[PDB]
Amino acid sequence: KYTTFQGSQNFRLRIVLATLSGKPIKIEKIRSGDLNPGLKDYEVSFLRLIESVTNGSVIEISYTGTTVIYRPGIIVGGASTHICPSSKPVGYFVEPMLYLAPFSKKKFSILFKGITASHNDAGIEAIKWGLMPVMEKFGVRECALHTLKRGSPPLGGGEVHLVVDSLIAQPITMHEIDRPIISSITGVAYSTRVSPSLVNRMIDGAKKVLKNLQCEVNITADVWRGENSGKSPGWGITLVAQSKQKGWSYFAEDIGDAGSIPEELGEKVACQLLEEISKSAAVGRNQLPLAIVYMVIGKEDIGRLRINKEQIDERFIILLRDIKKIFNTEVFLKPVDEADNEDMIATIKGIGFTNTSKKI
Amino acid sequence: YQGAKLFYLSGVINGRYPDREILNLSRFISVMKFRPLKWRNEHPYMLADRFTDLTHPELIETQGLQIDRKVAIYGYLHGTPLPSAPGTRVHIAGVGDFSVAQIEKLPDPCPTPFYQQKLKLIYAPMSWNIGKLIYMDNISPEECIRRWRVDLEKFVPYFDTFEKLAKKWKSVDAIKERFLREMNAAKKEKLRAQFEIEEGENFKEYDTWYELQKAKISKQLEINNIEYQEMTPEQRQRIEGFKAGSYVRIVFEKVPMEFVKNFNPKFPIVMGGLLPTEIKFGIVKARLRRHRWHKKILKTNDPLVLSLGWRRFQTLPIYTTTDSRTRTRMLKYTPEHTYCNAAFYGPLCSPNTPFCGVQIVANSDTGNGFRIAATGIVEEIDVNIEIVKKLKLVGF
Amino acid sequence: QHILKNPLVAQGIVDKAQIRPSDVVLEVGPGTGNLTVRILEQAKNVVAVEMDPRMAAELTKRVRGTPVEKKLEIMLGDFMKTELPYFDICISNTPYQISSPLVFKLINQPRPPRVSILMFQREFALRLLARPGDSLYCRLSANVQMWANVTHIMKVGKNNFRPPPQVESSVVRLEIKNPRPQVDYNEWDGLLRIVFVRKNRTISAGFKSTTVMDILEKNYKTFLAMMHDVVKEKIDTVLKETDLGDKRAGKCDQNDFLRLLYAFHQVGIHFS
Amino acid sequence: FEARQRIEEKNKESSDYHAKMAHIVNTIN
Amino acid sequence: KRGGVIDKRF
Amino acid sequence: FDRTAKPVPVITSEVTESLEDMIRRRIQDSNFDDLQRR
Amino acid sequence: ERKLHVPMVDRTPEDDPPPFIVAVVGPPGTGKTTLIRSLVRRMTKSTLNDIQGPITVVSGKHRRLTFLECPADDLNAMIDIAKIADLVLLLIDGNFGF
Amino acid sequence: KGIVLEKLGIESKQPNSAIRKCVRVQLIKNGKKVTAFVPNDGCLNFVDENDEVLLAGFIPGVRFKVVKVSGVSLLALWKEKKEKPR
RNA sequence: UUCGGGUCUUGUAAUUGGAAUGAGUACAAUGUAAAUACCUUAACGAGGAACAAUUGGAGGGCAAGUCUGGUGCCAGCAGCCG
Ligand SMILES: Nc1nc2c(ncn2[C@@H]2O[C@H](COP(=O)(O)OP(=O)(O)OP(=O)(O)O)[C@@H](O)[C@H]2O)c(=O)[nH]1
Ligand SMILES: [Mg+2]
């Protein structure tokens with residue numbers, strides 16, 4: 001009757017996958033042994049977001065809060081505003097909406113309010129330049145995340161507007177069996193309620209690592225001051241490696257804490273980006289889960305994606321097992337014929353998903 | 001279509017038609033080619049060649065015949081490949097929706113001569129490779145990684161300690177490949193490789209736009225064929241499932257005992273796979289007209305037997321008009337000679353799925369009039385509707 | 001004075017500018033501001049300089065009482081005498097009376113914009129884009145090309161402007177190369193001026209003229225401080241090795257002029 | 001109260017309709 | 001809208 | 001059901017704030033639409 | 001231009017395709033059974049006295065057919081065979097007409 | 001020949017308006033998108049998206065009219081002497 | 001063009017009678033290598049002569065019907081829907 005899961009592991013992913021596949025699911029034993037059992041507030045707010053963009057969905061939480069029953073409805077979207085609790089930033093909520101947005105009856109226009117950055121969740125630039133380009137490859141032509149107000153922790157005060165005009169039947173089949181040649185490194189260096197000097201010092205650290213490279217390095221300085229700067233001082237950097245060849249991107253992101261050295265964070269993220277490039281074959285680790293899901297929900301056709309051995313980590317294992325339990329689809333991996341690198345080709349047949357909610 | 005072939009048969013001798021005409025008909029069937037149909041190419045289906053009841057006889061006795069029966073259905077698959085894993089939802093015409101308990105491929109009982117000779121003419125029974133460790137759920141994912149060598153809510157992936165990485169990337173070697181009299185040939189060759197990188201795609205024909213699309217479909221189909229061929233037969237079946245033409249045994253559970261008892265081999269058993277939307281139940285917004293040859297117009301809240309996808313059922317539709325696109329107003333009857341927007345509750349289905357409606361399915365009430373009552377195309381699927389009607393208050 | 005009355009060209013100019021929300025744009029002589037209001041929508045901060053106070057006030061009246069009003073900044077007076085604040089991009093309807101000084105001031109200004117979309121008369125536009133061997137190749141084309149690259153976006157008909165000017169104008173994009181090539185501005189211009197007295201002359205013919213030969217001789221003796229016939233001999237030589245003396249000035253590319261400069265520096269003679 | 005609310009609703013519908021109509025007539029030409 | 005969250009948490 | 005006439009406008013706090021903004025907002029600019037001796 | 005059509009995908013397998021489903025549909029007594037016997041004999045050289053349910057026969061070196069005699073008296077049958085029949089042999093009584 | 005991409009005037013409140021009878025169609029031969037006229041809103045009905053339509057020379061700029069849909073004449077459907085095969 | 005002018009058995013949505021005949025069916029004969037058909041012809045074959053002629057074009061009129069706009073009752077669009 002219900003596909004059963006355990007724990008809070010991959011809570012968002014299990015919800016969206018059930019939402020896309022249309023199969024009811026049950027998630028149990030959520031933080032049973034902890035002093036504070038059951039869902040966190042942000043997880044509860046996350047479910048409310050699903051109810052807003054869907055119609056006919058039934059969501060039941062246990063008396064203890066440790067078990068949820070989910071019966072997905074259809075994706076309808078529409079215009080709405082969501083208030084994000086301070087426990088999580090907007091990116092924690094924007095990311096799952098990204099999976100569902102292109103397959104809705106009506107275009108998604110959701111206004112997200114709350115803290116806008118964190119250490120463990122996707123930033124604004126990460127979505128804008130790190131995940132959304134991947135969809136452009138997969139056929140979501142029009143997608144935009146407008147930054148109205150930046151809100152740094154702990155008080156936040158920021159605002160972001162998610163708009164996806166493109167509604168598609170399903171993602172196009174993916175054919176990427178090569179290592180993209182990344183042409184340039186770009187990025188956004190931002191700060192709030194503080195002097196512009198911090199942004200300048202931070203790019204200085206990033207360039208120091210990246211000056212040895214043979215590609216041009218151009219990092220934008222986005223100093224936010226005044227009313228639109230939020231309620232707290234904060235500052236962070238994003239560095240994106242771009243392949244104009246086939247429009248591929250790899251990125252790294254962190255934010256700075258009070259008392260931290262702006263130069264040090266810049267050097268860390270630059271050094272962080274190089275590791276991501278070393279570990280990446282066609283998409284970065286932070287981008288891989290979105291790519292895998294999109295191929296799974298493609299047409300009844302075999303899509304190919306090149307993945308490095310480093311990307312096959314503990315997280316990648318659960319993602320495939322989670323996908324199988326809901327979709328019954330298995331990702332077949334084969335070695336590449338090359339000897340320079342030990343990469344492997346991930347071949348996935350789409351489940352023939354179609355956007356039946358959209359009126360014709 | 002105009003010019004359609006029409007064969008003529010005069011009489012019957014010894015229970016056979018004239019040999020000459022049958023010869024012509026057989027040839028015409030032999031060389032025939034079939035158009036691709038949208039529905040047939042989007043769902044898996046099979047026609048049951050034989051029927052069998054697998055319920056244990058003791059169970060039929062200790063509980064009685066009323067007990068639900070386990071039955072096995074055999075036949076050739078058609079259309080899209082059927083998934084190998086059990087649990088797939090499927091509909092049997094005139095029976096209901098069931099879930100496949102088991103599925104297994106059997107040798108072809110009527111192998112075509114070309115197939116047989118690579119390796120009776122009539123068959124009428126009725127008459128540590130990481131890839132494995134991913135799906136061994138018993139092994140923990142952490143255990144899997146180490147043998148061959150935390151959570152997705154944290155979007156940022158795991159990175160090593162900052163200082164160790166600084167030493168790691170002090171030099172830029174090992175990533176140079178990712179970034180963009182005899183030595184002269186080397187420079188141009190490197191420069192040649194650079195050019196195709198930086199302008200290659202824009203520069204890398206078919207006469208008509210139609211041929212371009214057919215090329216894209218065919219190329220993708222070829223890519224499928226190569227990929228499956230490399231894979232092992234077990235691996236192939238595991239991903240695609242059972243391809244069309246495969247002879248498959250399929251076992252069902254919780255089948256009504258009536259179906260076992262009420263078995264006439266004349267009446268066919270048609271099996272059709274269901275997509276996720278087909279399972280859903282809700283309001284169906286559709287565009288519908290009275291059929292031209294039906295004598296009578298239809299009425300709102302009047303039963304009508306619809307045929308959507310693989311399923312046939314009766315519902316109470318409500319005929320509507322947009323009222324110059326200001327409101328969804330209820331009608332009393334279908335328009336005499338044009339469609340109208342109709343709403344009815346039933347299993348959802350993808351838009352653009354055509355359907356036809358009939359008011360009488362029993363022979364006893366057949367009469368002589370045309371039995372096809374309505375035809376239409378489903379326009380939208382939804383979980384609610386806001387049909388309204390004009391109410392007038394009258395005073396003096 | 002003309003005013004543009006085509007909305008499509010104004011929208012196109014903004015789109016080609018492709019202003020990022022992060023970047024700040026600088027506008028010169030907005031006038032009516034129909035192009036301006038679109039720029040405010042896609043620009044975080046906009047700085048506008050207007051020669052006439054009344055236009056600026058009317059522009060204030062157009063952005064009047066709007067959320068974009070706080071972002072918009074209004075400045076008055078000729079842009080030259082003022083020192084322009086930093087701006088990432090410049091898209092403006094400059095008068096052509098000041099186009100030629102303007103384009104160079106943008107280049108000369110430290111930290112110049114990466115991209116700028118400007119309108120010039122057709123003849124000026126061709127001169128900006130004229131390439132070696134082209135009929136319209138001139139001294140100005142060689143100078144601007146070496147500092148920055150300029151490409152022609154579109155051509156705007158005279159009829160679109162009202163009252164229609166007699167000469168057509170074409171919107172053009174210029175991007176300043178970063179880093180700027182390491183060559184002294186005065187020395188480059190000194191080389192270009194002598195060799196472009198008549199593009200169709202031989203480069204040697206320009207040098208052998210008596211008046212400039214005085215100037216080169218005066219310049220050479222200054223370098224010694226740091227025989228007029230001797231200087232004539234040295235110039236006659238260095239042209240022969242470079243072979244540029246035979247070649248026409250118009251045909252010679254920017255790279256060729258560099259071979260002219262370095263060879264002269266070897267002789268010890270510097271233009272300026 | 002509902003009188004005022006409906007008025008806002010119908011006005012928004014009319015504006016949305018007219019705004020769409022310019023778009024269709026814009027694309028077609 | 002159709003459907004809703006059934007919150008029986010105390 | 002339909003209504004013949006405009007509903008009478010309602011002075012909510014937001015309406016007052018919006019109105020009172022304009023009344024204050026104007027006065028900075030000293031833009032008063034006033035009769036002046038001719 | 002008559003060559004031009006809407007692109008579509010045919011999911012027929014490249015190797016070992018299934019037998020084509022042939023539906024013999026017509027009013028009662030129009031000769032559906034005798035037609036199936038006649039076709040089967042010519043193709044296989046064997047006569048089937050009684051036919052019930054699907055009959056799969058070899059029809060060529062690499063082509064096979066399945067014959068189904070739709071119940072003439074049932075409309076519900078006429079629907080579901082119509083959704084799967086690759087070929088229909090529509091029987092018409094010439095003397096009686098349509 | 002062409003594919004029906006969208007029915008631009010389906011929503012238009014005004015019945016039998018010139019906008020209602022316009023349908024965007026993409027020519028199969030070249031893939032260029034154009035518009036076609038339909039004889040009337042009733043005939044606008046038989047057309048649905050992704051149907052093959054044969055076009056013939058005829059709001060300005062619309063120079064084509066639909067003469068067949070799915071290989072059958074629109075007039076035949078309008079007089080209702082035939083039924084569209086799907 | 002309003003102003004009006006010119007002209008006489010016209011109209012019926014009314015009833016009603018018995019004469020003719022081939023499309024078709026068909027003994028036969030003729031026709032033909034043998035047949036079909038034509039030309040012939042016993043016998044049947046007409047009042048909605050339902051033994052049911054088509055393809056295009058122009059123009060109305062109607063409602064407790066529906067949409068849009070506004071110096072009230074109007075106008076535009078249109079109306080298989082009351
Ligand atoms: N004279 C003549 N009789 C025919 C012809 N075709 C069929 N028949 C007769 O029609 C009768 C019915 O034949 P069937 O084959 O049983 O037809 P059916 O479709 O199977 O009928 P049901 O199975 O009862 O639905 C038989 O007695 C045949 O002799 C024909 O061309 N000429
Ligand atoms: Mg029979």
# chains A, B, ... in the order shown; residues from 1 in each chain; ligands from 1
>>> residues_near_ligand(ligand="ligand 2", cutoff="12 Å", atoms="only C-alpha atoms (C1' of nucleotides) and all ligand atoms", output="ChimeraX atom specification")
/B:15,266-267 /G:24-37,49-53,68-73,91
>>> select_by_dssp(residues="range 116-247 of chain C", states="strand (DSSP E)", output="PDB file with N, CA and C atoms, in the first residue's frame")
ATOM      1  N   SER C 116      30.236  49.104 -23.554  1.00  0.00           N
ATOM      2  CA  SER C 116      29.484  50.344 -23.690  1.00  0.00           C
ATOM      3  C   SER C 116      28.781  50.353 -25.039  1.00  0.00           C
ATOM      4  N   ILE C 117      27.542  50.840 -25.061  1.00  0.00           N
ATOM      5  CA  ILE C 117      26.729  50.896 -26.272  1.00  0.00           C
ATOM      6  C   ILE C 117      26.443  52.361 -26.563  1.00  0.00           C
ATOM      7  N   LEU C 118      27.009  52.866 -27.655  1.00  0.00           N
ATOM      8  CA  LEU C 118      26.953  54.278 -27.997  1.00  0.00           C
ATOM      9  C   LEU C 118      26.483  54.444 -29.435  1.00  0.00           C
ATOM     10  N   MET C 119      25.928  55.620 -29.718  1.00  0.00           N
ATOM     11  CA  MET C 119      25.425  55.972 -31.039  1.00  0.00           C
ATOM     12  C   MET C 119      26.374  56.964 -31.695  1.00  0.00           C
ATOM     13  N   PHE C 120      26.725  56.704 -32.951  1.00  0.00           N
ATOM     14  CA  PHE C 120      27.548  57.610 -33.736  1.00  0.00           C
ATOM     15  C   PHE C 120      26.991  57.712 -35.148  1.00  0.00           C
ATOM     16  N   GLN C 121      27.323  58.816 -35.815  1.00  0.00           N
ATOM     17  CA  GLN C 121      26.951  58.972 -37.213  1.00  0.00           C
ATOM     18  C   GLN C 121      27.613  57.883 -38.048  1.00  0.00           C
ATOM     19  N   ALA C 148      41.153  49.188 -27.828  1.00  0.00           N
ATOM     20  CA  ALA C 148      39.879  48.539 -27.554  1.00  0.00           C
ATOM     21  C   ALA C 148      39.310  48.003 -28.857  1.00  0.00           C
ATOM     22  N   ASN C 149      38.381  47.061 -28.727  1.00  0.00           N
ATOM     23  CA  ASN C 149      37.709  46.449 -29.863  1.00  0.00           C
ATOM     24  C   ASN C 149      36.291  46.993 -29.964  1.00  0.00           C
ATOM     25  N   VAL C 150      35.872  47.330 -31.181  1.00  0.00           N
ATOM     26  CA  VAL C 150      34.578  47.950 -31.436  1.00  0.00           C
ATOM     27  C   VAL C 150      33.858  47.163 -32.523  1.00  0.00           C
ATOM     28  N   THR C 151      32.573  46.888 -32.295  1.00  0.00           N
ATOM     29  CA  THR C 151      31.753  46.111 -33.213  1.00  0.00           C
ATOM     30  C   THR C 151      30.412  46.801 -33.412  1.00  0.00           C
ATOM     31  N   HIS C 152      29.853  46.648 -34.612  1.00  0.00           N
ATOM     32  CA  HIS C 152      28.664  47.383 -35.033  1.00  0.00           C
ATOM     33  C   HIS C 152      27.436  46.563 -34.672  1.00  0.00           C
ATOM     34  N   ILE C 153      26.589  47.123 -33.810  1.00  0.00           N
ATOM     35  CA  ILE C 153      25.403  46.408 -33.357  1.00  0.00           C
ATOM     36  C   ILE C 153      24.292  46.510 -34.395  1.00  0.00           C
ATOM     37  N   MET C 154      23.834  47.725 -34.683  1.00  0.00           N
ATOM     38  CA  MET C 154      22.816  47.972 -35.703  1.00  0.00           C
ATOM     39  C   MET C 154      22.950  49.379 -36.256  1.00  0.00           C
ATOM     40  N   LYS C 155      22.185  49.618 -37.316  1.00  0.00           N
ATOM     41  CA  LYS C 155      22.092  50.900 -37.995  1.00  0.00           C
ATOM     42  C   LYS C 155      20.705  51.478 -37.755  1.00  0.00           C
ATOM     43  N   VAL C 156      20.651  52.732 -37.312  1.00  0.00           N
ATOM     44  CA  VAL C 156      19.401  53.398 -36.967  1.00  0.00           C
ATOM     45  C   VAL C 156      19.084  54.418 -38.051  1.00  0.00           C
ATOM     46  N   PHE C 161      14.673  59.161 -35.817  1.00  0.00           N
ATOM     47  CA  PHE C 161      14.909  60.399 -35.091  1.00  0.00           C
ATOM     48  C   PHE C 161      14.036  61.513 -35.658  1.00  0.00           C
ATOM     49  N   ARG C 162      13.532  62.377 -34.773  1.00  0.00           N
ATOM     50  CA  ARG C 162      12.667  63.482 -35.169  1.00  0.00           C
ATOM     51  C   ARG C 162      13.082  64.739 -34.408  1.00  0.00           C
ATOM     52  N   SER C 169      22.860  57.375 -38.367  1.00  0.00           N
ATOM     53  CA  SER C 169      23.718  56.949 -37.272  1.00  0.00           C
ATOM     54  C   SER C 169      23.442  55.490 -36.945  1.00  0.00           C
ATOM     55  N   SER C 170      24.453  54.810 -36.409  1.00  0.00           N
ATOM     56  CA  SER C 170      24.387  53.385 -36.116  1.00  0.00           C
ATOM     57  C   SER C 170      24.862  53.125 -34.696  1.00  0.00           C
ATOM     58  N   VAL C 171      24.075  52.360 -33.940  1.00  0.00           N
ATOM     59  CA  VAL C 171      24.489  51.953 -32.603  1.00  0.00           C
ATOM     60  C   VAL C 171      25.661  50.989 -32.710  1.00  0.00           C
ATOM     61  N   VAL C 172      26.646  51.159 -31.831  1.00  0.00           N
ATOM     62  CA  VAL C 172      27.877  50.380 -31.862  1.00  0.00           C
ATOM     63  C   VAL C 172      28.247  49.994 -30.438  1.00  0.00           C
ATOM     64  N   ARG C 173      28.935  48.862 -30.305  1.00  0.00           N
ATOM     65  CA  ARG C 173      29.428  48.373 -29.025  1.00  0.00           C
ATOM     66  C   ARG C 173      30.946  48.458 -29.018  1.00  0.00           C
ATOM     67  N   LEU C 174      31.502  48.966 -27.923  1.00  0.00           N
ATOM     68  CA  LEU C 174      32.942  49.000 -27.710  1.00  0.00           C
ATOM     69  C   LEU C 174      33.246  48.371 -26.360  1.00  0.00           C
ATOM     70  N   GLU C 175      34.302  47.565 -26.312  1.00  0.00           N
ATOM     71  CA  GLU C 175      34.789  46.964 -25.079  1.00  0.00           C
ATOM     72  C   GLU C 175      36.274  47.259 -24.941  1.00  0.00           C
ATOM     73  N   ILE C 176      36.668  47.758 -23.775  1.00  0.00           N
ATOM     74  CA  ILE C 176      38.056  48.133 -23.537  1.00  0.00           C
ATOM     75  C   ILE C 176      38.825  46.910 -23.063  1.00  0.00           C
TER      76      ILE C 176
END
>>> closest_residue(among="B:245, B:11, B:309, B:111", to="chain G", atoms="only C-alpha atoms")
B:245
>>> residues_around(residues="residue 270 in chain C", least_positions_apart="6", cutoff="12 Å", atoms="only C-alpha atoms (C1' of nucleotides)", output="list in words")
residues 184, 186, 187, 188, 189, 190, 191, 215, 216, 217, 218, 219, 220, 221, 222, 223, 224, 226, 235, 260, 261, 262, 263 and 264 of chain C
>>> write_last_selection(atoms="N, CA, C and O atoms", output="compact mmCIF listing (two decimals), in the first residue's frame")
# COMPACT_ATOMS: atom_id res chain seq x y z
N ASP C 184 52.96 53.24 -24.58
CA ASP C 184 52.70 54.61 -24.15
C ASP C 184 51.74 55.29 -25.11
O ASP C 184 51.90 55.22 -26.33
N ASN C 186 51.17 58.52 -25.71
CA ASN C 186 51.76 59.59 -26.51
C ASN C 186 52.66 59.03 -27.60
O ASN C 186 52.64 59.51 -28.74
N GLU C 187 53.47 58.02 -27.28
CA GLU C 187 54.35 57.43 -28.28
C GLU C 187 53.54 56.82 -29.42
O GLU C 187 53.87 57.01 -30.60
N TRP C 188 52.49 56.07 -29.09
CA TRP C 188 51.65 55.48 -30.13
C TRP C 188 51.05 56.56 -31.01
O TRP C 188 51.15 56.49 -32.24
N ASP C 189 50.44 57.58 -30.40
CA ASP C 189 49.86 58.66 -31.19
C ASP C 189 50.92 59.38 -32.01
O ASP C 189 50.67 59.78 -33.15
N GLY C 190 52.12 59.54 -31.45
CA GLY C 190 53.20 60.14 -32.21
C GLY C 190 53.53 59.34 -33.45
O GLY C 190 53.72 59.91 -34.54
N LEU C 191 53.60 58.02 -33.32
CA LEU C 191 53.82 57.17 -34.49
C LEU C 191 52.68 57.29 -35.48
O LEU C 191 52.91 57.42 -36.69
N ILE C 215 61.38 67.79 -36.44
CA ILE C 215 60.82 67.36 -35.15
C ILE C 215 61.51 66.09 -34.68
O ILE C 215 61.90 65.97 -33.52
N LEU C 216 61.66 65.11 -35.58
CA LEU C 216 62.33 63.87 -35.20
C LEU C 216 63.77 64.14 -34.78
O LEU C 216 64.26 63.55 -33.80
N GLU C 217 64.46 65.02 -35.49
CA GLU C 217 65.83 65.35 -35.11
C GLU C 217 65.86 66.02 -33.74
O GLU C 217 66.70 65.68 -32.90
N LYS C 218 64.95 66.95 -33.48
CA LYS C 218 64.87 67.56 -32.16
C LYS C 218 64.60 66.51 -31.10
O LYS C 218 65.20 66.53 -30.02
N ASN C 219 63.69 65.58 -31.39
CA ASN C 219 63.38 64.53 -30.43
C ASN C 219 64.60 63.66 -30.16
O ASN C 219 64.88 63.31 -29.01
N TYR C 220 65.35 63.31 -31.21
CA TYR C 220 66.50 62.43 -31.04
C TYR C 220 67.56 63.07 -30.15
O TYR C 220 68.11 62.41 -29.26
N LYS C 221 67.87 64.34 -30.38
CA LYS C 221 68.87 65.01 -29.55
C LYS C 221 68.42 65.05 -28.10
O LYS C 221 69.24 64.95 -27.18
N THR C 222 67.11 65.18 -27.86
CA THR C 222 66.61 65.13 -26.50
C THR C 222 66.89 63.77 -25.87
O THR C 222 67.26 63.69 -24.69
N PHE C 223 66.72 62.69 -26.63
CA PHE C 223 67.03 61.37 -26.11
C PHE C 223 68.51 61.25 -25.77
O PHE C 223 68.88 60.64 -24.76
N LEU C 224 69.38 61.84 -26.60
CA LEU C 224 70.80 61.86 -26.27
C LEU C 224 71.05 62.60 -24.97
O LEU C 224 71.90 62.20 -24.16
N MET C 226 68.98 62.77 -22.47
CA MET C 226 68.50 61.90 -21.41
C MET C 226 69.60 60.95 -20.95
O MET C 226 70.26 60.30 -21.76
N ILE C 235 66.97 56.96 -40.08
CA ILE C 235 65.57 56.72 -40.40
C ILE C 235 65.46 55.96 -41.72
O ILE C 235 64.70 54.99 -41.83
N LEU C 260 57.26 49.01 -36.49
CA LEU C 260 57.83 50.33 -36.76
C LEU C 260 58.36 50.95 -35.47
O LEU C 260 59.46 51.49 -35.43
N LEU C 261 57.57 50.85 -34.39
CA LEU C 261 57.95 51.50 -33.13
C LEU C 261 59.20 50.87 -32.53
O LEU C 261 60.15 51.57 -32.18
N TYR C 262 59.21 49.54 -32.41
CA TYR C 262 60.34 48.87 -31.77
C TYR C 262 61.64 49.16 -32.52
O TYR C 262 62.68 49.41 -31.90
N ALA C 263 61.59 49.12 -33.85
CA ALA C 263 62.80 49.36 -34.63
C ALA C 263 63.33 50.77 -34.38
O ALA C 263 64.54 50.97 -34.26
N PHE C 264 62.44 51.76 -34.30
CA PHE C 264 62.88 53.12 -34.00
C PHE C 264 63.50 53.20 -32.61
O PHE C 264 64.52 53.88 -32.41
>>> interface_residues(of="chain H", to="chain G", cutoff="10 Å", atoms="only C-alpha atoms", output="PyMOL selection string")
chain H and resi 1-3+27-29+50-54+70
>>> write_last_selection(atoms="N, CA and C atoms", output="mmCIF file, in the first residue's frame")
data_model
loop_
_atom_site.group_PDB
_atom_site.id
_atom_site.type_symbol
_atom_site.label_atom_id
_atom_site.label_comp_id
_atom_site.auth_asym_id
_atom_site.auth_seq_id
_atom_site.Cartn_x
_atom_site.Cartn_y
_atom_site.Cartn_z
ATOM 1 N N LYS H 1 1.608 21.489 -45.764
ATOM 2 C CA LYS H 1 1.401 20.685 -44.566
ATOM 3 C C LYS H 1 1.993 21.391 -43.355
ATOM 4 N N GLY H 2 1.415 21.138 -42.181
ATOM 5 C CA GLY H 2 1.914 21.736 -40.962
ATOM 6 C C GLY H 2 1.399 21.018 -39.730
ATOM 7 N N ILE H 3 1.972 21.393 -38.588
ATOM 8 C CA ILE H 3 1.516 20.944 -37.278
ATOM 9 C C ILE H 3 0.806 22.113 -36.619
ATOM 10 N N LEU H 27 5.150 24.892 -40.635
ATOM 11 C CA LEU H 27 5.236 24.149 -41.883
ATOM 12 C C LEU H 27 6.250 23.022 -41.747
ATOM 13 N N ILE H 28 5.865 21.825 -42.189
ATOM 14 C CA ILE H 28 6.754 20.678 -42.050
ATOM 15 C C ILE H 28 7.946 20.802 -42.986
ATOM 16 N N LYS H 29 7.748 21.380 -44.173
ATOM 17 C CA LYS H 29 8.810 21.385 -45.173
ATOM 18 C C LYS H 29 10.038 22.137 -44.677
ATOM 19 N N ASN H 50 -1.112 19.259 -32.397
ATOM 20 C CA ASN H 50 -0.326 18.138 -32.901
ATOM 21 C C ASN H 50 -1.054 17.375 -34.006
ATOM 22 N N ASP H 51 -2.079 17.964 -34.617
ATOM 23 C CA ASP H 51 -2.735 17.365 -35.770
ATOM 24 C C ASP H 51 -2.091 17.856 -37.059
ATOM 25 N N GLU H 52 -2.019 16.963 -38.043
ATOM 26 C CA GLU H 52 -1.579 17.357 -39.373
ATOM 27 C C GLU H 52 -2.660 18.187 -40.047
ATOM 28 N N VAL H 53 -2.253 19.283 -40.678
ATOM 29 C CA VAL H 53 -3.167 20.166 -41.384
ATOM 30 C C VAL H 53 -2.572 20.510 -42.739
ATOM 31 N N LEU H 54 -3.402 20.426 -43.775
ATOM 32 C CA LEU H 54 -3.040 20.914 -45.099
ATOM 33 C C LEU H 54 -3.534 22.344 -45.248
ATOM 34 N N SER H 70 -5.914 16.137 -40.278
ATOM 35 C CA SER H 70 -5.759 14.690 -40.133
ATOM 36 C C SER H 70 -6.170 13.951 -41.403
#
>>> interface_residues(of="chain C", to="chain F", cutoff="12 Å", atoms="only C-alpha atoms", output="ChimeraX atom specification")
/C:61,64-66
>>> decode(residues="chain E", atoms="C-alpha atoms", output="JSON list (two decimals), in the first residue's frame")
[["chain", "number", "residue", "atom", "x", "y", "z"],
["E", 1, "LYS", "CA", -7.84, 23.79, -3.18],
["E", 2, "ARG", "CA", -8.13, 20.08, -2.37],
["E", 3, "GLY", "CA", -6.38, 18.14, 0.36],
["E", 4, "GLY", "CA", -4.78, 19.28, 3.58],
["E", 5, "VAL", "CA", -2.27, 18.46, 6.28],
["E", 6, "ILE", "CA", -3.74, 16.37, 9.11],
["E", 7, "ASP", "CA", -1.79, 17.53, 12.17],
["E", 8, "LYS", "CA", -2.62, 15.46, 15.26],
["E", 9, "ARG", "CA", 0.65, 16.31, 17.03],
["E", 10, "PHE", "CA", -0.19, 17.53, 20.53]]
